[PDB]
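Some notes on the structure that comes next.
Residue numbers (the numbering used here), protein chains in the order written: chain H, 1467 to 2300; chain W, 675 to 845; chain A, 57 to 106; chain Z, 250 to 358; chain P, 77 to 138; chain V, 26 to 250.
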C-alpha cells in the first residue's frame, strides 16, 4: 500500500546541461533540473533517476560501455551513478564550476574542466565494491589562463584537446612519454573558443569560436609546426555560436547559435549541409549519435529538446516542457496519459511510459487553471483566467465548445457531470457558480449562496450532487437535478481550499487553511472525521524572508487533496515541499514525500546556511547578473511586484517549490504531483518489499514449485499469493495449462481476487501472451464476476487496468486482423480486369 | 598485368578533352601506367612494379559507359559505389516509347528517379546504366523496370517519394 | 501583457469575440507533436462535415 | 431486400442483381448519389450498404473509378460506413451479456 | 437461441459494412494513384495537399 | 544493491535462486502470441507515412548547392546498420545472382526448401523503414513469384502462432503496397491459391475476436452495472 517510490518525472524534457546519447544510441540522457531523465526512443519508454543533486546539474557523461554515469552540478558536486543498477556509487565534490566532463573512448579515464584546470581522473570499476575514495587522480594540467569551455578526447584515448575563454586551445597527451607530441597551443580567435575537435585521422584540428570562425589547423610547413590553413566564417551577424559539436567519422560539424538557428556543415570543405531553426531562444546544447545520424538539440529557456535526423529531414522528437508553470493535471480514465494545464496558456497530453507529449492545445489566451476528463476519455474540459471554460474532443483534437459567463470573470476551478450534460465552474472573484449545459452551449444557471470566492468544485460520481467549497469557511451541497434546487450548507472552522469527493459519492474531504483535512458525510451533513496535518508539513525557509520556517504561515496547509480509488487514502500537497498521504479510517500519516532537495528552488531548506548571511543582507539576494558574459542575461526586465505572472525572467525571485495538483492513478497504484520541477510520478512496485499474506512455515518458494511440479495448480497459485512474490506468481501463472484455467479461476478464494486481477493487469499491458491473458480474464470474469460487481471499489483499479489491456493492445490487434479479412474478401471477390 | 577498355566512337572526343583530368588520379593516386591506343580506340592500363587495376578499369569504364567526369571520380573513390548495366528488351510500340517513358518531357522522370533514389542514370537508346549504392541501384532499377513494364505515373511517383524517405531514414 | 504580469495575473478579461476559424481536413496523426507514438488516427472533419 | 432476408454470392434475387449489373454510368452514378444520401441515416443505411456491395461485386472497379463524379461520392460515404462499422461492432461487443448470463445460469447448477 | 440468431444478424450486417469500407477506399485509392499529381518533394507535396484539402469554417469564441 | 545475490543456502531453478522468472516465449503452440518487442511497432508499420509527414519541419532547410551527390555513401573509415549501407555478398532479373539482396535471396531459398523460418526471422529482425522498403519492392510484374512466396511465407508464419501481429501488419503492408496488382490478376492460379491457403489459416483468428468481445462486454457490464 503505502510503499511508494519515485518512479518518473513527466514534463520538462530538458532544463540545463548537455544531452548525451547512449553508445548504441537508443536512449538519450537529458538533464532535467537536478534529476536526470533517460528516454528510450526505440523501446518506447522512459525513466528518471531517483537520486537528486542539490543544485541544477550542468554536466553529464556516461562511458561507452553504458555501465556508469557521472553528473556534475553547477558548483561542482559530482555524483557517480551505476547506470544499470540505478544506484549512486560516489559523491565527489570538485571545488568549482565544472564546464564539461567526458569519459575516454576506452572508458578507463575521465577528464573535466574545473575552472582553468583540466583534470583527468581514472574511472573506478563497476564490478568493484564501493570504497571510501574510489577515484584515483591521474593528473591536473594548468596551462589556460581563463576558464576552460570544452573538452574533446581523441579517437584513441591518447590526447585531449581543450578550449578556453582565454582565446586559445591546447592539446595535452594523457601520458608523460608523449608530452612532446602534444605541447602546442592554438591562438588566433577573436572570442571564446567554443570547440576544438580532431579529424578522423587525427591530423587536422578544427577550432570553432564564439564570434563565428572555424579554423583548420594542419601539421604542415609554411619545419613542420601546426599552421592554420583555412579560416571559415559563419557570417551570422547578430547571433553568435552557443554550442558546437563534431562527428569526426561523417565529417559533420553541428553548430547552434543564440538565435535558435542551427547550421550543420561538412567541415573540411565547409559546405552548408543544412540550416534551420529550433525557435527564437538560443540553442544551449548540441549532441550527436555515435553513428552520427541523430542530433539532439536543447534550448534551455523554453525547456525544449529536439532530436533530429539530418539525412531524412525530419524530427524524431520535438518536445518542450514547462518549468514552474503548471496549474493542474488530470489522469486519463485509463492511467496511460496525464493532461497538464499550464500557466503559459496551454494543454499538454503526456504519455506516462514514454515520457513525451502527444498533443498540445493552445486556444486559451491566459493561464489554464483546471483540466478534467469526461465521457470516459473522449472529452476534456479546461478553464482559464481569460474568462472561458472550453471543451476538447480528444479524437478529432478540436475545441468544439466554449462557455463564457455574462460578467467577465476569470475561472479558477471546474467540475463536470458524470453523465456529461453539464459543466460547472467557479471563480475567485464572483461568489457564484456557473452552470452550463454541454449539449447546447447556454448558461443553464448561476448558483448563488456563497459569501466568499468559490475555491473548489466537484460532482459526486455516483448520485450526481454538486459540492462546492469556498473561502467563507463553508462547504455547500447542491442538489441540481430534478425539481429540487436544494442547498445544504455545512460550515467548517476556517476557509476551504481543495474539496475532494469519494468515489462512491458518500463523503467529501475538504482541506482547510487551519491545516486540517475534514471528512463529512454528504447525505447526513455531519463530520465523519478529520486529520490534523499542519505538523507533518515541511515548510522551508525562503531566502528573502526574515522569519523562521517554524513561525511561518506560508505553507502549513494543503491546497490540493485527492482520494484514492478504493476510497481509503488521501494524497495531499500544497505550497510546501512535502506531499503527504493518509488513510482516512485511522486518520494517520502513511507517508510523507520530500518533493525537492534542489537548493536552487526557494522553499526547500528549513535552515539556511548562516555563512551566507552577511553584515548587509544574505549573499543569495545579491544579484550577480552583471557579471555575465553577454547582454541577454545581463538584462533585467523583471517588473517589480510580480508574483505568479508568466515568463520566469519577470519575477526576480527564486522559483519557490510547490505542488499545485495531486491525483491518484485510476489503474495502477501511483500518484502524480504537479510540482515546479515537473509531474512527479510516485509508484509502488511489487518486485521488491517482501510483504506476505498469511503464510505459514510450510509456505515457501520451494514448496510452491513442488506443488507446481506435482501439478496441484490451485495450491501452487494460492501459495504464490501467500508469498506475494511477483516472480513466483508469474511462474505459476504461466505454468497452469489452458485445459484447467476455469477450474482454478473458479476455485480462487475471494481474498486473492484483487491480487490476481491487478497482477493480470500489470502483466498483460506489456506481456506478449495475449490469448493466455484473455483466457484468464474471461475465466475470472465468468467465474467470479458477481463478487466484483458487488464489491466495485475494491476492484475499481484492477478492472480499469484490465480494460486498459483489452482496448489498447488487444483491440488494436483485432482491428488489424479484421481489416485484413475484409481486404482479402474484396481483393478476391471482385472484378479487376483492365 | 593490364586491362583494355574500348572507347566507342560516340564518347571519344569528351575523353580527349577531359583526358587531362582523367589520367592524374590514374597515374599518381592510383600508381598505374596508362596508354591510349589511337589505333584500336582503346585505353590500356598496365601495372608497374612500383588491387587497383580493377578500380582504374571501372573508372575509365564508367567514363566509357557514359557517366561524366565527376561521376567517374566518384566511382574511383567511394568504395561503396556500384554500377549496373541492362538493356530494355522486355520497334514503334515497345522500344520506341518505353524509353520515352523513362525519360519524360525534358528528362524530368529520369531526373526525379535519380534524385529520389540517390543514384544517377545514363539512358542510351535502350541501354540503361545506373551508378549508386547497392540498395539505391535496387530501388532505381525496380522503378525503371516498373515504368518500362507499365505502371501509372502516380504509382511510380508515390513510390519515388516513399523510397527517398525510407532510404534516408535511420530505422 | 505587462499590465497583466504587473497586476499578478488577477485581471478582468477581454469582453467577447465571436471570431471565425477555418480548419482544413487532415489526419490527427498529423495534428500532433513529434514523438514516436500517436493517440488517435481519426480525421479532423466529421462525416457530417465532409 | 426484406424478402431476400426471408428466403434462404447473391444478395437480392439474382435477376434483380443482374439487372443492377447491366446498368450504365449515368444510372449507377445517380444510384450512388442516393446511396450516399441514404447512408447518412442509421436506419436506412443497410439498404445503401447492400446496394454499394452489389455494385462493387457486379461492376469493374477500374470502370467505377474512371466514371467522372464517383470520387466525390465515395469520399462522402466512406466515413459514414466507418461510423456504422464502429457502432455495429460496439453493439456486437455489448451483445455478450447474453453469453455471460448463460454462464451464470449454468453455474446456478 | 436468441444469442445465436441475434449475433448472426449483427455479424452479417457488419460483414458487408467492412467489405464496403475496404472496397470504397480501394476505389478511391486506385483513382488517386491513377491521376493524383506528381510531387516527389515533400514540402511541395504537403503544401499541395493543404491547398487541395476540405475546408470548413467554424464560429469560435475568443 | 548493485548486483543480485543468490538465495541459496550456505553451510560450514537458478532463476528461482536469483528471484527472477524470465517469461517463456510462448506457452502453447495453439495460443496466439505477440512479438517480444515494443507494442508500438505495429502502429509504426501501419502508419509510418503519416507519422513522418507529421515529423517534417514546416519549411525546407537551407542547404548549399556545391554539395556532393553521394553524401550518404561518402563516409569515412559507429558503423551504419541501415538498409542503405547493405552490401551484396559473393542473367537479368530484378536482382541478379551477384546483386541479390539478403531478403530476396532468403525468400528464394525458402521457396526452394519450403521453409521460410530464416526469412521470417529476418523480417521480425529489421526496422520499419527496412520492412516497408523490402515489401514495396517485390517484383509484381510478369510471373508473380516473389509476391506469392511472401504470401505463403506469411502463411507459414502465422501457422506458428508467434509474432502474429507483425505477420498481420506484413499482410496489410502487402495489400497496401501492391494489392492493386493482386486485384488486377485476380483469378491467377498461383496467387489465388496462395491467398486461399492464407485465408485457410487466417480464418481461425476470430478466437481473439470473440475473446476480446467477451472480455470487453462483460468487463463493462461488471464495472458499470
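Cβ atoms here follow ideal geometry from the backbone N, Cα and C, with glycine treated the same way.
Discussion item. On the DSSP letters alone, give me the boundaries of the beta strand (DSSP E) that residue 258(Z) sits inside.
Written reply: No beta strand (DSSP E) contains residue 258(Z), which DSSP labels as neither H nor E.
Item to complete: Return the bridge partner residues of residue 1797(H) from the DSSP annotation.
Response: 1804(H)
Worksheet item: Which residues of chain P have a Cβ atom closer than 8 Å to the Cβ of residue 80(A), listed in chain order?
Response: 126, 129, 130, 131
Worksheet entry | Rounded separation between residue 1467(H) and residue 1865(H) - CA only | 39 Å
Worksheet entry | Cut-off 6 Å between Cβ atoms - residues of its own chain near residue 1764(H), not counting five sequence neighbours on either side | 1480, 1485, 1750, 1751, 1771
Discussion item. For the segment 2192 to 2225 of chain H, list every residue whose C-beta sits within 7 Å of some C-beta in chain V, in sequence order.
Written reply: 2193, 2196, 2197, 2200, 2204
Discussion item. Once the 5 residues before and after residue 730(W) are set aside, which same chain residues still bring their CB inside 7 Å of it?
Written reply: 700, 704, 706, 719
Worksheet item: Buried or exposed: where does residue 2148(H) fall if 16 or more other Cβ atoms within 10 Å of its Cβ makes it buried?
Response: buried
Item to complete: Quick one: grab the DSSP three-state call for residue 1857(H).
Response: strand
Practice prompt. Rounded to whole angstroms, what's the CA-CA distance from residue 1497(H) to residue 1524(H)? Just pull it up for me.
Written response: 8 Å
Discussion item. Between residue 54(V) and chain A, is any beta-carbon pair separated by less than 8 Å?
Written reply: no
Worksheet entry | Option in 2234(H), 2285(H), 2256(H) with minimal Cα separation from residue 53(V) | 2234(H)
Item to complete: Please confirm if residue 1906(H) has its CB atom under 8 Å from at least one CB of chain P.
Response: no
Discussion item. Does residue 1900(H) come out as helix, strand or coil in the three-state DSSP assignment?
Written reply: strand
Item to complete: Write down the C-beta distance between residue 99(V) and residue 2200(H) rounded to the nearest angstrom, noting that I regard them as a contact closer than 8 Å.
Response: With 8 Å as the limit, residue 99(V) and residue 2200(H) do not qualify as a contact, their Cβ atoms being about 51 Å apart.
Discussion item. I want to verify the contact list: residues of chain V whose CB lies under 8 Å from the CB of residue 113(P), in sequence order.
Written reply: None at all; the shortest Cβ gap to chain V is about 16 Å.
Item to complete: Out of 239(V), 26(V), 68(V), state which residue places its alpha-carbon closest to the alpha-carbon of residue 1552(H).
Response: 26(V)
Fill in: Near the ligand ATP: residue 836(W) beta-carbon under 7 Å from a heavy atom
Because no ligand of any kind appears in the structure shown, any question about the ligand ATP cannot be addressed here.
Discussion item. Report the start-end ranges of each beta strand (DSSP E) in the segment 1695 to 1721 of chain H that is 3 residues or longer and not cut off at the edges.
Written reply: 1707 to 1713
Worksheet item: For residue 305(Z), which residues of its own chain have a beta-carbon under 8 Å away from its beta-carbon, when the five flanking residues on both sides are left out?
Response: 313
Worksheet item: Taking any Cβ of chain P, which residues in the segment 71 to 88 of chain V have a Cβ under 8 Å from it, in chain order?
Response: 78, 81, 84, 85
Worksheet item: Looking at C-beta atoms only, is the number of pairs between the segment 1636 to 1644 of chain H and the segment 1592 to 1600 of chain H that lie closer than 8 Å three or more?
Response: no
Worksheet entry | Endpoints, the alpha helix (DSSP H) within which residue 2221(H) is located | 2219 to 2230
Worksheet entry | Under the three-state DSSP convention, the category residue 343(Z) falls into | helix
Worksheet entry | Proximal residues, the segment 85 to 102 of chain A versus chain V, C-beta separation under 7 Å | 85, 86, 88, 90, 92, 93, 94, 97
Worksheet item: CB-CB under 6 Å to residue 33(V), same chain, minus the five flanking residues each way: which ones, in chain order?
Response: 42
Practice prompt. Tell me, please, which residues DSSP counts as bridged to residue 698(W).
Written response: Partner(s): none; residue 698(W) has no beta bridge.
Worksheet item: Should residue 690(W) be flagged as near chain V, meaning a C-beta pair shorter than 8 Å?
Response: no
Worksheet item: Using a Cβ-Cβ cut-off of 6 Å (strictly less than) and excluding sequence neighbours within five positions of residue 1794(H), which residues of its own chain qualify?
Response: 1807, 1836, 1837, 2127
Fill in: Residue interval of the beta strand (DSSP E) (run including residue 2119(H))
First-last for residue 2119(H): undefined, no H or E at that position.
Item to complete: Evaluate residue 2137(H) with the Cβ neighbour count: other Cβ atoms within 10 Å of its Cβ, from every protein chain shown; 16 or more gives buried, anything less gives exposed.
Response: buried
Worksheet item: Is DSSP giving residue 1597(H) helix, strand or coil here?
Response: coil
Worksheet item: Is it right to say residue 339(Z) is buried, meaning 16 or more other beta carbons lie within 10 angstroms of its own, or is it exposed?
Response: exposed
Worksheet item: So, helix, strand or coil for residue 215(V), using DSSP?
Response: helix
Fill in: Distance, residue 808(W) Cα to residue 1777(H) Cα
18 Å
Worksheet item: Would DSSP call residue 845(W) helix, strand or coil?
Response: coil
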